[PDB]
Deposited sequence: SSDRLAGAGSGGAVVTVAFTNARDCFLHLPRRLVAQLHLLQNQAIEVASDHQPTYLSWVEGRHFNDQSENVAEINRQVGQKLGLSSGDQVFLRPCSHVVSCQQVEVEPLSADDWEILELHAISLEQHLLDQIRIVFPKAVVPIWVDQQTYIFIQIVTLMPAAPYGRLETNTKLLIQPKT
């Protein structure tokens, strides 16, 4: 019920797992289905997209995003598709640092739209970088999901709450 893959870090401007068509096929991934990244440490839950620079068993992810997930280049991880995922009605997040907060305040334009373009699956304590515009990104930490769940999927109607 999954596949072992090698983690490859990239400079992609999103938090998605970029997968080769072979894996999307083999794993029988469904639209917006979450993927559990299982390892020696605590699992993480990611959103995925089909990479356009492939064509086996390699999963690409932004370097900074991957490190925050406790991943290292070349690590062997087990991708386990999640049969189901609850849709987030509300999500609460806070900047990783005071600087992030200050940047957000001066770059707080439709944060949720930028968020959705770069990440769709969230889980408590997830820490990820989100570009707010061409020049700037901020690190945010997902604090809470509503309904309560180990992981969830962000939607266009998800209420996004930001605290300092």
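Residues 1-10, 66-68, 178-179 of the deposited sequence, counted from 1, carry no C-alpha coordinates in the model.
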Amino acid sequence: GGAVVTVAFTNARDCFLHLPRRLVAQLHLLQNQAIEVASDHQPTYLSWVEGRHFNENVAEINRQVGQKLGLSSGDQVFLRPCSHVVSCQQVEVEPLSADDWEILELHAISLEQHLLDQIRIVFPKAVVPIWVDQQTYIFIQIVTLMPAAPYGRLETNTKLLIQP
From here on, numbers count along this sequence of modelled residues.
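Legend: mean Cα B-factor per stretch from the PDB entry, 15-23 versus 149-157; the higher mean is in 149-157. The PDB entry assigns its highest CA temperature factor, among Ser47, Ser97, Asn62, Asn55, to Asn55. The entry lists a Cα temperature factor for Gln118 that places it in the lowest third of the chain's modelled residues. Split the chain's modelled residues into thirds by C-alpha temperature factor. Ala3 is in the middle one.
When all modelled residues of the chain are sorted by CA temperature factor, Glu102 is found within the middle third. Residue-level temperature factors show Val127 in the lowest third of its chain, judged at the C-alpha atom. For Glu112, the recorded CA temperature factor ranks within the highest third of the chain's modelled residues.
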